[PDB]
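Peer 1: Fold the stuff below for me.
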Amino acid sequence: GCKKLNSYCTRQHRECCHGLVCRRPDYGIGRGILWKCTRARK
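Peer 2: Residues are numbered from 1 along each chain as shown. Please see the structure below:
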């Protein structure tokens with residue numbers, strides 16, 4: 001199943017559910033470059 005809102009992912013392979021987007025992390029910006037999905041806006 002795709003990734004949900006604020007779900008861990010990578011900008012190299014988008015796997016977020018329709019509507020969301022694999023963007024940088026929220027509060028986790030110290031361990032690896034883990035990008036968290038975010039509710040896009042269009």
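Peer 1: dump the residue contacts of residue 35.
Peer 2: For residue 35, the contacting residues are 8, 9, 10, 11, 22, 23, 24, 25, taking Cβ atoms under 8 Å, 6 or more residues apart in numbering as the criterion. From N, CA and C alone the C-beta is placed, and that goes for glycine too.
Peer 1: First-to-last residue distance for stretch 29-42?
Peer 2: For stretch 29-42, the first-to-last residue distance is 26 Å (Cα to Cα, to the nearest Å).
Peer 1: whoops, I mixed them up, stretch 30-42
Peer 2: Where stretch 30-42 begins and where it ends lie 30 Å apart, using Cα to Cα.
Peer 1: next one: it to chain centre, how far?
Peer 2: When C-alpha coordinates are averaged (Cα atoms, centre = their mean, to the nearest Å), stretch 30-42 and its chain have centres 3 Å apart.
Peer 1: Much appreciated, bye for now.
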